[PDB]
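Chemist: PDB entry and its sequence, pasted below:
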Amino acid sequence: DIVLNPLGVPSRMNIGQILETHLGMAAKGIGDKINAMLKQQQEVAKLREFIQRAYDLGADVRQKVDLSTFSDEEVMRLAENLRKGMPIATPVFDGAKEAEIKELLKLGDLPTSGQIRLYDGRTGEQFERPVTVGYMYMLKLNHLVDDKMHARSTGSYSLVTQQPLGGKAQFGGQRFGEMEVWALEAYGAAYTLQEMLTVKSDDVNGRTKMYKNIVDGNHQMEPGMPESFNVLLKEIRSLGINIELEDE
Amino acid sequence: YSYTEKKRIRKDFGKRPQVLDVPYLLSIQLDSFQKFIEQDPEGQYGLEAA
Amino acid sequence: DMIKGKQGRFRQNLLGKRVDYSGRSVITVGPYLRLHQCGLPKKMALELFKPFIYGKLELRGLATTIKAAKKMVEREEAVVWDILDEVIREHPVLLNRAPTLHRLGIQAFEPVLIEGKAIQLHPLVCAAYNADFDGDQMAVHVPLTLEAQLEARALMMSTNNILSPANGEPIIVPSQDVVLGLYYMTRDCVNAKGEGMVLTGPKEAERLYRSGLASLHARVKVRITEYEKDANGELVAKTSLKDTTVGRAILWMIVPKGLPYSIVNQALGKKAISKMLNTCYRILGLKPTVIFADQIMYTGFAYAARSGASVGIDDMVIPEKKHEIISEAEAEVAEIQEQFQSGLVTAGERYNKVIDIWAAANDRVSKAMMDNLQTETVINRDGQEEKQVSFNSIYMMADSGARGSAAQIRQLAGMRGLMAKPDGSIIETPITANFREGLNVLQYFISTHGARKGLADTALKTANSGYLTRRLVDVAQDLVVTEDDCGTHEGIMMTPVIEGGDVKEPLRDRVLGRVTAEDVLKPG
Amino acid sequence: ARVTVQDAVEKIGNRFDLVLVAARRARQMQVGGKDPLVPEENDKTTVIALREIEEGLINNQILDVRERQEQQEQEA
Amino acid sequence: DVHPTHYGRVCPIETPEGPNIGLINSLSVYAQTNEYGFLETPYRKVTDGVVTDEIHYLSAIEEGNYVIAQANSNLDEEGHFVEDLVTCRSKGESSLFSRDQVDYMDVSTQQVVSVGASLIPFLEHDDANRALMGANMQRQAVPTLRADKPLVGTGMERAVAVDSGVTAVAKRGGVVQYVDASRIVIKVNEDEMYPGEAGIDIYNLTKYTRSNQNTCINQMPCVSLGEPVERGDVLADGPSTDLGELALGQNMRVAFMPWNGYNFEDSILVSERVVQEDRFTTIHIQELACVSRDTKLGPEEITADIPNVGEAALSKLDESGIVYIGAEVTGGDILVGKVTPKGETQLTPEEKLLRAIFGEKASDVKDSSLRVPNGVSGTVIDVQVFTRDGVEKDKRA
Amino acid sequence: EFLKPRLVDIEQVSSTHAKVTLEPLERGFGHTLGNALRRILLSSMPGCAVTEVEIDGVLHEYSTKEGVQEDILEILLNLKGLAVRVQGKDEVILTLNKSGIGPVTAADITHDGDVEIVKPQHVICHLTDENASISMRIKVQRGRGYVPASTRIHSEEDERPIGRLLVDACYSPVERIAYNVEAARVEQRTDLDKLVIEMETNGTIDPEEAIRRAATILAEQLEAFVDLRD
Amino acid sequence: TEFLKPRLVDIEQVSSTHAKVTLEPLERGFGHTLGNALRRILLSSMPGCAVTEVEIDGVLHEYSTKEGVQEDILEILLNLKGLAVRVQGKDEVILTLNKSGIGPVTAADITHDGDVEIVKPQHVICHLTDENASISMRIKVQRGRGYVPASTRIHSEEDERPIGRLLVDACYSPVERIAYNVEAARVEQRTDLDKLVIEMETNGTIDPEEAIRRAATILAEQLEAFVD
RNA sequence: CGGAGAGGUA
């Protein structure tokens, strides 16, 4: 079902997931082995010793034993709930050792080393060595790509400036900050800064003219005078500090 | 033992029995607000002290 | 208060100076992409390039007005898909990482349409972006005018930025996955399927491996024709028999025409692939280097898949004498503690002795672990087993330089051992265990201090480094090269820096790339 | 088309005026006034201009002499 | 920075990765506030050698005076440690101490981490940085379409599910009289009756409600008719909970190998069968509020009559002005038909020219209806109407 | 030269498990045939599956109904796994009508002559109300692959009726396939191997018909390479 | 049910050796299935004609140099691997190579019959120097299937040919290089369809497009009688 | 689309 990068383990230092895989593969195996037992509709006592042995596996382990449950109905309910694997409780610093995982793998009639040689279903050939296969518990985080994607070309603009922002019906353009301006400056990226700061961002006359130009079937630009600097100019003048233009 | 526990037993590999069971994990909020809002026979944390 | 800004005057470039024709998405890996390509979602392409679609639809007669174009694009029919193909075929877009620490943090690619909901990034370029596919989120910016497209293709296309602008040497380099595949290919054994037979070139080498009639690992005598750049720029074909491996020849036929075979006639670590790309660049040029990088990525990925290199619990070996070494270390520290209580050594001296003993024990454990991994796999040839590079997964996993290190794996199978406590001092008792066995409660808690300090330090240094690069850009924004020559005979002296008692940087690197100020002479 | 600009960089070492002349060429093939000298593949004017510059068919000399001559024939 | 006394009170591996790490902690599993406000952690008292089951909530200052043995070094016989030299912490530093020189020991081995951190299995096999990150992502897990037990858990799943309020817990034991997807009626036992009669106990089930994060939370009845239940058990499984066990994510078949470089850094390859099972699929409930206000130009009204709109949008709107419960809606359509009394009717000559060509109408009330955000869709599952006293009720209310 | 593999005994491990064997197959052809057939089976088989469910009681997927232990969500989820085969009509509308307490199963559906329910003991829901009635109009049709119920909604701009609930239709009769090539000994020449394909399917398709359809698809695909138009 | 069949198959050839054939569109997953199936057909078991046994008139050892030859016998064995021979008659036929004089003994010096056709104009087979300045060779060229190593044969062969009859590896199949790649292809809204590109390099004994079409004919024969 | 506070992400 899931393919994980094996390269993330030898660096990010989380091999517990690897163990989570192996202890998973055993557990689902215990789930699968009894599942077949369910398909043959075998007699109840057989499931009884199978579950009793499955829970009894381990050394100095506190789980207690059956039959303390009801002979038939509760055993059947437990087996039906255990057909999709068998839950395993692993205390964080008192969990299962390697030997216990290997024993549970063996009871599952699965490779005790925890690796079964897969066949690459893409092309249909086995690899030079077996791969690590098992059942791991994956969490779907609330960082959905649907909620994270966005883009825009034309839409809302502020009433104080012509920067694009507003709501989520059409959110404004992405914030190309001064860090990325320096990134462009390091290149010979000189025009690109001018389009991405003047015509694509602020100059309303520039925005309209460039949109008309692209619609008309060409990619040409008007230089423009960004409104952001006009706002800064006006508010400097607002404090009794003069700004003027040395006209060319 | 719990009846909902009988419907699905989870195998534990723990090796030391839990000497102290896990207490109510939201005890902080309830204890704080009950100390706040309950009656007091003497001046102690709560509306009475204020 | 809104004249003043943090950081910088707000609405000029930050905060924030947003821009139209821009987008953002999570990034996925596309391992089928050529180095000049990126995978961009179809919906993102549709609603980014909308004016282009409108213009093309009105030009081709598919629409009669802008309203018709709006209806056509919102209906998302199959007709507009061909229009989008036309407008995207040559038009490039810039991918951009939000924390931008250098110019390669923004790079231009050719957008390749993909169904899905996330952007596909070239695997080689993520190192340049300092972006790791762990939930990181990229932005796209679309050049509009001709000047912008030409300028992005000439300078900001990833093919044109194969060399770091900070210290030279290339920044796009096979990192972990293609590295593992290549290393798996070029390994050799002492006995396997198809050993000691003679082949003419890589053709039937590929034939013999891929049919399963010969193993990848084989000391095989192959007649190959390698081309060398000699004379005044001419290719000379030297056809000769060399002993190699089948996978090495399969890699060799991938190698672009015109490189020495000695580069691929060895087990390849990350440094080896970097050196092969360097040789291809200074020997052939740009386009051969781009083709070589793309093909080596493809082959490394494919044979990493075919290898089935897998990390497990039996593929990571705890040393057999690790417990003995730990016991010896415990005995020594017990003797030291007994002497300290005996009043024979001071508390500080005892602390230093304990730290020294534990460091020596940790080094011994690491050496034993690496000796176990280096030749764990031994294969008989005629009744006698011979040492070889181990088929053990983690040994390739690290030795290839894919992802990890001697110290990094030293804590998986060995012991992560000594570390710092609050105030930065080293704990007397190290992490006696590792990740392959149970960490004691106190041991994990102690490791938590190091992890917390590292994470807090990363956050604080992120803030401080952002502010520092802000200052540095402020001070040097006006510096641009404007003249070819100034005729200044003054300059600076370059010496190979010998700080302490040994040279720490050779003279060649600092002098490399400079222009002489006076004509230097010979010593004598 | 062409994706690498190495040949154009070799032709125009500055590779900044290269952007200028490539933009000029591409704009007046995109905007009426001339036709490309290298046959088309439904490619945009960008890569067409790149492939021209790699072949040494268009540069600043060719561009400005063509501009001069077309000025004399248009003026009278 | 974490502290030596930071141990066992607040989780050292639970803290945000953002620029507030080490300031926002999470309380340890067993830690509790003292009478004065300090954090105290339980410790089993060690009389001479025997570690008794009695506990003392040692405060941070009181902890330093004594020496605390670890939960490790298991106990044989009544209460004696197996090791003569046991790992202990006197002021925060690990050390070796005699079994007869200890004063307290950890009540459990899980009381040094938070609830989020205690759920990670094989925590003693991950790096503190990486396990901290994983515990951080556990809180960000969205509840999957159908909750399913983890094959490899810790055992805190049940405690977290029960102690959280998302679990319908039987207030009084008895025999389940009536099971429904929305209601659970328990015939209470006779020995748990109040004097006189109180009859049944009713549990109404929270079904598909936006919790706080535009995420669905619903409680799943895990019982059947006639099943004998007792006080304190799970009558209905909450979101991300199955059979009273926490069900943050789902168990999946996994192979660890670099398949063709489509999984390159930590990238993940999903089988089509994952989508076939409709697992890792989520229900997201967005709440959109339309407020009918009283303006100085006139009070706003909620009605189906919206000036100059197509009838297709109003087709899903009732005569009360609120979309049906169950209608499939997309962005741009009308959910609540709000109108606002226009101050004055002024028409620009350009507006007159446009309305002459397109046949637009003129109204003395302006559209202000709550339209679906452009980029979202879905089904209307709950409509809440808030009307204060002095305002006439309408059909929907 | 060549000897064609010939279909031999098709045994039934169960109603859902079947092993089909090709004995006279030359060396080097076993894995090719096995891979090709496995890919075709998991990719291109026709199958019957549910698309629209019309429950009288509820109005949308997220609304519960009285007297059922299962939400309408799990009603759709369980109806997804409805193992059903149709013969004459490409689209059929099954009608489930059941009152009274008890587990409402697949066999309780009113079965027509053109529709066969290969899984009668498949539990649909549990009606726990003594006098409630469950009424479902389940649309089951033929298809291939897996169609999420988010593509037909764009084809008509939202379903006009409200009571119909769309379910992502998985027209995949087979859910597990494996193939094993073993060294067969036979009087025919001296070098042939047997290919055994073990199949776990929902029982709505005959294994022989499944293999025949897969081979037909493979041949129709290879037709282009057999005769190059250019 | 409806199905999709490719439109406007594309081919690009380099001589009669290096052919790149592109098929589009292919139903999801079908492209690589066809590619790998026909690939294995061409690789592991593909009918053809190749050299099987050779004669030794000098030193019967395989690690010494032939008298009058400046190189070892091994390298002439490697040279005879790539010779392009096409048999139109009886399966196993004899070819005699008799050339005296210093220089390159090439493919032109072989006898030309009606049972053996050489479509390989020139190729160095051996080099002669003035020690004896003569070479005499007799080889068996046979029809065969796939690739059969000589090391594989000797293990499975109990009867030994007379001394001097050296067994040589057989490159029976007409294709020496085969490779397949599959990429995304876009038709209508769908972009999960797959472009299928096959690249193949043959020994020149058959047109590569003919090799593909006859391999497809082989597989269609294998799959045909299943269809009723 | 005027501005604060919080969490999470990288």
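Modeler: Perfect, thanks for sending it. Numbers count the residues shown, from 1 in each chain, chains lettered A, B, ... in the order given.
Chemist: residues from chain F in reach of chain G?
Modeler: Near chain G, the residues belonging to chain F are F:2, F:4-5, F:7, F:26-29, F:31-33, F:35-36, F:39-40, F:43-44, F:46, F:142-145, F:211-212, F:215-230 when assessed by C-beta under 8 Å from any C-beta of the partner chain. (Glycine included, C-beta is placed from N, CA and C.)
Chemist: what distance do you get for residue E:21 to residue C:132?
Modeler: Distance, residue E:21 to residue C:132, by C-beta to C-beta, to the nearest Å: 19 Å.
Chemist: counting contacts, what elements does the lengthiest helix in chain A pack onto?
Modeler: Counting residues, the longest helix in chain A under DSSP state H turns out to be helix A:16-39. Helix A:16-39 makes packing contacts with helix A:44-56, helix A:73-81, helix A:98-107, strand A:131-138, strand E:152-153, strand E:250-256 when contacts are defined by 3 or more C-beta pairs under 8 Å, 6 or more residues apart in numbering or on different chains; DSSP states H and E.
Chemist: what residues sit buried inside it?
Modeler: A:16-35, A:37 (16 or more other C-beta atoms under 10 Å in any protein chain shown).
Chemist: so what's the gap between it and the chain middle?
Modeler: Taking C-alpha atoms, centre = their mean, to the nearest Å, one finds helix A:16-39 lying 25 Å from the centre of the chain it belongs to.
Chemist: quick one: contacts for residue A:169?
Modeler: Counting by C-beta atoms under 8 Å, 6 or more residues apart in numbering or on different chains, residue A:169 makes contact with E:331, E:373-375.
Chemist: redo that, cut-off 6 Å
Modeler: By C-beta atoms under 6 Å, 6 or more residues apart in numbering or on different chains, the residues touching residue A:169 are E:373-374.
Chemist: what of residue C:249?
Modeler: By C-beta under 6 Å, 6+ apart, residue C:249 lies in contact with C:202, C:205, C:222.
Chemist: just the closest residue of chain A to chain F, please.
Modeler: In chain A, the residue that lies nearest chain F is residue A:124 (3.5 Å; C-beta to the nearest C-beta).
Chemist: that residue contacts residue F:36, correct?
Modeler: No - using C-beta atoms under 6 Å, residue A:124 is not in contact with residue F:36, being 8.7 Å away.
Chemist: one step back: save the helices and strands packed on helix A:16-39 as a markdown table, and put in mean neighbour count too.
Modeler: Converted to a markdown table, the helices and strands packed on helix A:16-39 look like this (neighbours: other C-beta atoms under 10 Å in any protein chain shown):
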| stretch | mean neighbour count |
| --- | --- |
| helix A:44-56 | 16 |
| helix A:73-81 | 16 |
| helix A:98-107 | 19 |
| strand A:131-138 | 26 |
| strand E:152-153 | 27 |
| strand E:250-256 | 23 |
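Chemist: which of the ones you listed sits closest to RNA strand H?
Modeler: Closest approach to RNA strand H among these is made by strand A:131-138 (16.1 Å; C-beta to the nearest atom of the strand).
Chemist: after the closest one, which helix or strand is next?
Modeler: Moving toward the C-terminus from strand A:131-138, the next helix or strand (DSSP states H and E) is helix A:145-148.
Chemist: any idea how far that following helix is from the chain center?
Modeler: 11 Å.
Chemist: which residues make contact with it from outside it?
Modeler: Contacts of helix A:145-148 with the rest of the structure, by C-beta under 6 Å, 6+ apart, involve C:26, C:117-118.
Chemist: could you identify which of the residues you listed has the most neighbours?
Modeler: residue C:118 (21 neighbours; other C-beta atoms under 10 Å in any protein chain shown).
Chemist: what does the stretch 101-250 of chain E put close to chain C?
Modeler: Neighbours of chain C within the stretch 101-250 of chain E, by C-beta under 6 Å from any C-beta of the partner chain: E:112, E:124-125, E:128-129.
Chemist: looking at the residues you listed, which is nearest residue C:272?
Modeler: Checking these against residue C:272 by C-beta to C-beta gives residue E:129 as the nearest, at 30.5 Å.
Chemist: just confirm the closest one is within a helix.
Modeler: Yes - the assignment for residue E:129 is a helix, going by DSSP: H, G, I helix; E, B strand; the rest coil.
Chemist: hmm, back to that, and the residue of chain A closest to chain F, how far from residue F:34?
Modeler: Here the criterion is C-beta to C-beta. By it, residue A:124 lies 7 Å from residue F:34.
Chemist: these two: who's more crowded?
Modeler: Taking neighbours as other C-beta under 10 Å, residue A:124 and residue F:34 compare with residue F:34 leading, 22 against 19.
Chemist: number of residues surrounding the residue found closest to the residue of chain A closest to chain F once you drop the neighbours it is linked to in the chain?
Modeler: Using C-beta to C-beta, 6 or more residues apart in numbering or on different chains and skipping residues adjacent in sequence, the residue nearest residue A:124 is residue F:35, 3.5 Å away. Counted with other C-beta under 10 Å, residues neighbouring residue F:35 total 22.
Chemist: burial count for residue C:98?
Modeler: Neighbour tally, residue C:98, other C-beta under 10 Å: 16.
Chemist: likewise residue C:5?
Modeler: Residue C:5, neighbours per other C-beta under 10 Å, totals 13.
Chemist: can you check my assumption that it lies in a strand?
Modeler: No - with three-state DSSP as the criterion, residue C:5 is located in coil rather than a strand.
Chemist: give me the number of residues near the residue nearest to it when sequence neighbours are not counted?
Modeler: Nearest residue to residue C:5, sequence neighbours excluded (C-beta to C-beta, 6+ apart): residue C:15, at 7.1 Å. Here the count is done by other C-beta under 10 Å, and residue C:15 has 16 residues near it.
Chemist: then residue C:60?
Modeler: Per other C-beta under 10 Å, the neighbour tally for residue C:60 reads 12.
Chemist: now residue C:472
Modeler: Counted with other C-beta under 10 Å, the neighbours of residue C:472 add up to 11.
Chemist: ok, residue A:163 next?
Modeler: Neighbour count of residue A:163, defined by other C-beta under 10 Å: 23.
Chemist: does the helix or strand harbouring residue C:447 reach chain A?
Modeler: Element membership for residue C:447 (DSSP H and E) is helix C:441-476. Yes - applying C-beta under 6 Å from any C-beta, one finds helix C:441-476 in contact with chain A at C:441, C:473.
Chemist: contacting residues around the very next helix or strand once past that helix?
Modeler: The helix or strand immediately downstream of helix C:441-476 is strand C:497-499, counting by DSSP H and E. With contact meaning C-beta under 6 Å, 6+ apart, strand C:497-499 is reached by C:504-505.
Chemist: just checking: what are the partner strands of strand C:497-499?
Modeler: Sheet pairing for strand C:497-499, assigned by DSSP bridges, gives strand C:502-505 (antiparallel).
Chemist: residue C:13 reaches residue A:181, doesn't it?
Modeler: Yes - under the criterion of C-beta under 6 Å, residue C:13 makes contact with residue A:181 at 5.2 Å.
Chemist: how far away is residue C:380 from chain E?
Modeler: Residue C:380 sits 28 Å away from chain E, going by C-beta to the nearest C-beta, to the nearest Å.
Chemist: skip the chain neighbours and tell me the closest residue to that residue.
Modeler: Computed as C-beta to C-beta, 6+ apart, the closest residue to residue C:380 that is not its neighbour in sequence is residue C:191, at 6.6 Å.
Chemist: what count of nearby residues applies to the one you found?
Modeler: With other C-beta under 10 Å as criterion, residue C:191 counts 17.
Chemist: am I right that it is in a helix?
Modeler: No - counting by three-state DSSP, residue C:191 is not part of a helix but coil.
Chemist: can you give me the distance of it to chain E?
Modeler: Residue C:191 sits 25 Å away from chain E, going by C-beta to the nearest C-beta.
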